[PDB]
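Chemist:
Residue numbers (the authors' numbering), protein chains in the order written: chain B, 1 to 30; chain A, 1 to 21.
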């Protein structure tokens, strides 16, 4: 589910699943 | 940024993990 175009809520969900308890940061305007 | 690497182009686990804390 990681190797594709991930945008918006779809990208946020991938980060949630991959990072787990470590958490993550989402910066659209980077 | 993350959008350019994963949204506009195909993502990868390597890149996603760069954004974990």
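Backbone N, C-alpha and C define an ideal beta-carbon position, used for all residues, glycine too.
Rounded to a whole number of angstroms, what is the C-alpha to C-alpha distance between residue 1(A) and residue 19(B)?
Modeler: Spanning the two alpha carbons is a distance of roughly 17 Å.
Chemist: Taking its Cβ as the centre, do 16 or more other Cβ atoms sit within 10 Å of residue 14(A), making it buried, or is it exposed?
Modeler: exposed
Chemist: Against residue 12(B), what residues of chain A qualify as contacts under a CB-to-CB distance less than 9 Å, listed in chain order?
Modeler: Correct list: empty, because the minimum Cβ distance to chain A is about 10 Å.
Chemist: Tell me whether residue 7(B) sits in a helix, a strand or coil according to DSSP, three-state version.
Modeler: coil
Chemist: Using the Cβ count rule (16 or more neighbours within 10 Å means buried), how would you classify residue 6(B)?
Modeler: Around the C-beta of residue 6(B), 16 or more other C-beta atoms lie within 10 Å, and the residue is accordingly described as buried.
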